[PDB]
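Asker: This is the structure, below, for whatever I ask next.
Nothing in this text is a laboratory measurement; each read-out follows from the coordinates by a stated rule. Reconstructed Cβ throughout: ideal geometry from the backbone, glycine too, with neighbour counts over all protein chains shown.
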Amino acid sequence: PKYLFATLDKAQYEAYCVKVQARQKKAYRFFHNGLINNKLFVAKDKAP
Amino acid sequence: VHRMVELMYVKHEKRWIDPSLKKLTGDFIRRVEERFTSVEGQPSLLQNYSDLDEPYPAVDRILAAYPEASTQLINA
């Protein structure tokens with residue numbers, strides 16, 4: 001991965017890193033909810 | 001843990017709305033400890049609820065002993 005990031009400016013890469021870490025926090029939340037309530041998989045019922 | 005203190009301990013009067021609620025805030029703190037320790041032996045940093053009497057000064061001490069407790073959200 002590092003090698004891809006070396007295409008960017010510290011400007012860009014660091015902007016991305018803030019995005020990522022926010023996602024992880026959502027993810028983390030979801031995963032724990034799922035484990036407990038058996039909803040790691042959620043079937044969609046209707047198209048968008 | 002912070003919002004707990006914020007909403008149950010009156011700052012400008014240096015008092016808890018009720019000892020019970022100081023216990024509460026204390027117990028949850030104890031929990032966060034547990035969540036973030038993973039070897040037997042280590043004792044609690046909050047050893048007596050007396051510690052929470054002047055809370056905001058002491059609390060930060062404990063919370064800082066368990067770094068990640070400021071990185072990740074509560075377990076479900």
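Asker: Taking the condition without any contact (Cβ under 8 Å) to a residue 12 or more places away in the chain, of a type in the set (S, T, N, Q) and either under 19 Å from residue B:5 (Cα atoms) or surrounded by 11 or more Cβ atoms within 10 Å (Cβ to Cβ) (or both), does residue B:38 pass?
Answerer: Numbers: without any contact (Cβ under 8 Å) to a residue 12 or more places away in the chain: yes; of a type in the set (S, T, N, Q): yes; either under 19 Å from residue B:5 (Cα atoms) or surrounded by 11 or more Cβ atoms within 10 Å (Cβ to Cβ) (or both): no.
Against the criterion (without any contact (Cβ under 8 Å) to a residue 12 or more places away in the chain, of a type in the set (S, T, N, Q) and either under 19 Å from residue B:5 (Cα atoms) or surrounded by 11 or more Cβ atoms within 10 Å (Cβ to Cβ) (or both)), residue B:38 does not qualify.
Asker: Oh, and also: Among (1) farther than 30 Å from residue A:21 by Cβ; (2) touching a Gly at 6+ places or on another chain (Cβ under 8 Å), there is one condition residue B:46 misses while meeting the rest; what is its number?
Answerer: (1)
To keep it simple, each residue is scored yes or no on (1) of a type in the set (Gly, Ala, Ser); (2) at the interface with chain B (Cβ under 9 Å from one of its Cβ atoms); (3) part of a helix (DSSP H, G or I).
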residue: A:8; (1), (2), (3): no, no, no
residue: A:13; (1), (2), (3): no, no, yes
residue: A:18; (1), (2), (3): no, no, yes
residue: A:23; (1), (2), (3): no, no, yes
residue: A:29; (1), (2), (3): no, yes, yes
residue: A:35; (1), (2), (3): no, yes, yes
residue: A:39; (1), (2), (3): no, no, no
residue: A:42; (1), (2), (3): no, no, no
residue: A:47; (1), (2), (3): yes, no, no
